[PDB]
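Two forms, one chain: they're shown below as structure tokens, one block per form, named structure 1 and structure 2.
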Structure 1
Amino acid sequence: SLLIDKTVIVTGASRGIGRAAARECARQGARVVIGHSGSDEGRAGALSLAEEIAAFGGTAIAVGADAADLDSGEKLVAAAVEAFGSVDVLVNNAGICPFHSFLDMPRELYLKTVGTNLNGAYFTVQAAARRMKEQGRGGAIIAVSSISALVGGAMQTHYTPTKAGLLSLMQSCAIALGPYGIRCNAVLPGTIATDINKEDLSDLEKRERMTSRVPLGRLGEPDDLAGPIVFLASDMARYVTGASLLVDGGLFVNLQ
């Protein structure tokens, strides 16, 4: 019960890493605000997670909030306060990676990736931190960045800057919000088999090349990110802020 009586907001929590984090936080005692994109599949996934959490004795609510809408942060916080009376943890997880080459990158596709992954995160973090500061009990903010915050991707020239920007946002927010006991950290998943790279890793030569580079011998799954996220949200991480935590089975270090 590492998160008992904490209100946790998770953005883009209908599937993948965010769904697994939302589910494990509820298992750890937290009252979970399941943020979703507002699409048909997003809403359906958030409600089925809320149903699942209800089934094992936890509390959760679903709240639509398009991350590219810079006003959805305050919507999430308002709903969290209505249902649960506080905001104590923000897991900023919503993000997209539409694989695309650099020289013909459309302006709209680039702007949508920065808008969803970084700009919307900035103002979602801003709204949650505002509430945490008003409450005066401290707080915990976790950004789902990437190994690709540290290294490049040829088909991700529009995406890796948003993941690096998210990490840097956590570093700067750690200074700004430290005096209020609000801890700001980034988690950096490696290659996690999810919808975001289902088509990409359908190329079995690329899948094998990537898997061979993982010392632990497997790609990740969403639950691999739940423990790290719960840790960073918990009192186990009471002196951890401004930090980066790679969760990649050793992918980053494996040069030879």
Structure 2
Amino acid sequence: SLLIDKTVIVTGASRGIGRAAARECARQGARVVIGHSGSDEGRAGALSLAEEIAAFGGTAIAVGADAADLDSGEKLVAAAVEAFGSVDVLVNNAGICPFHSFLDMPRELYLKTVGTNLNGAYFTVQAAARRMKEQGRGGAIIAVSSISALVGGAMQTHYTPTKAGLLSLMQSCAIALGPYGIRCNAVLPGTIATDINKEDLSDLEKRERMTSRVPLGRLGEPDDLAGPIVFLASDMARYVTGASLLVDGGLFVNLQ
């Protein structure tokens, strides 16, 4: 009952963290806009989650919107107002992570990662915030960043600046949207077992080395992020804006 009758837009919600965060939002009474990339795989996943959300009495719609396309922000807002009447929460989750070495990093891979992880998020946040301010009823914006926003990654010279930039956008947006009662925060997931980690997880030796680094003793699951996202979108966090929240099982603080 934390988001009853609220409209929640979750970009990249056909798989992994976004999918489980869109489910728990409908379980908290929200009508969810299930944004996806527009591919035929993301359409299969977004419509699969919709079947599951309606299965427990929820209500949700699938919207195709490539994050790299800067028009996608207004496309999601329009389809959310038209189906449910408002936009109350934006969970910005869409992003890529193509691991690659720095010195031979192709230019087009860098811009593709920046355009998708940061550029599209900016104007997706702007279009959602514009609707929130017009309504005058406040709102919440949560950006799924990463632990990599505080530390480095050798194969991620193109990826971590977009996660660190995503965190810094919530800080400056909190000051700008504060006078309109719009809260902007970021969750920093640690090591979550998801579709990006398929090849690395099957190796048992690497997985034990990854698990050994986490004080809680296990890798993360998409459901582990759903709670803190519903929390940051709720009245329980009514005085929380411009903040970050690690969800990593203690990974960041466990210096070897």
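In this text, rigid core is short for the largest set of C-alphas that superpose within 1.5 Å between two forms. Here, residue number means position along structure 1's sequence, counting from 1.
Next item on the list: Have a look at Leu219, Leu70, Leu47, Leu201 and give me the residue whose C-alpha moves 2 Å or more between structure 1 and structure 2, with the fit done on the rigid core.
Entry: The listed residue whose C-alpha shifts by at least 2 Å is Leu201.
Notebook entry, point to check: In Å, how far apart are the CA positions of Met210 between structure 1 and structure 2 with the rigid core superposed?
Noted result: A shift of 2.2 Å.
Item checked: Backbone CA shift between structure 1 and structure 2, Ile175, after core fitting (angstrom) -> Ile175 is displaced by 0.2 Å at its C-alpha.
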